[PDB]
């Protein structure tokens, strides 16, 4: 009876129970989940931990290098944009009848990362053979405690949910082999990965180290002049990231030609049009490198389009989409009492300072 603005929806306080989310066969009801999560509605902590654990069990069974066949939708970095994730599934096709391959980076940046994790983990449980989730550089314990994802779990839910995600991200596969043609990673190649068996030999169930091929899978980036190189140095130090390497056009072409592949799908880097097809390989005729970015209007300032890749019927359909309205949040999930209390303490002090003189 004391609410000035009614133009925004009042978020619900009823935490979804285990009976409202899960059916009688242990299948999560994604319809109740989407409708509740989009209203900024929270789940019961026991349910939030149940969706993470049952999903991580399916992820722990999967291999380091997944076998995915066409038709399949290839998504890029989401970065906690849950209300843009809802438009991504409408552009790329409903998950109930379309294969999906995500390339990581589901958390951090966007202030709806836990909503993205709970919804993508619920689709992974409901579709354990048609939907696939790979790991990015942000699905670790070092970046989430630095990029407000730990704060997102502690404010919306509890620190126990954050601990469950750090154990669920360790189960995310590293790479994927799509249709025996394309290698799908997050960052890119590595100076320690010559064959696809080098991808299989890695122990992904750990925190991504600062070295080794596991770090280069998620952190490496293409050269700024990819395709127009000054030298032939295959891997140089990635000076922007501070770790991993820069892979060149001769490096990717040699890798594509050695393992008899066509291209390398990846994300990890923002694109103004949501995608970027790099220089064609002289021995294939197809773009040797393809960056995919599924975050429209990155950080609410980039004003960029986001693209998804729907590979079907020998056609690589890069389908773009724009952003969607999302609720507002103060930086680092700060409440209005913490934000305004210093201003209250300061300006009131200035009053008596000048009143009493």
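Numbering follows the first chain given and starts at 1.
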Comparing mean C-alpha B factor in the record for 310-318 and 22-30, the higher one is 22-30
Avg C-alpha B-factor, entry values, 98-106 vs 228-236, higher side is 228-236
The residue of 291, 64, 46, 288 with the maximal C-alpha B-factor according to the PDB record is 288
Among 85, 193, 264, 123, highest Cα B-factor in the entry goes to 193
Residue 304: C-alpha B-factor third of its chain, per the entry, is the middle
Chain thirds by Cα B factor, record data; residue 282 belongs to the highest
Tertile call for residue 213 (CA temperature factor, within chain, third-based) is the highest
In terms of its chain's C-alpha B-factors, the third that includes residue 247 is the middle
In terms of its chain's C-alpha B-factors, the third that includes residue 116 is the middle
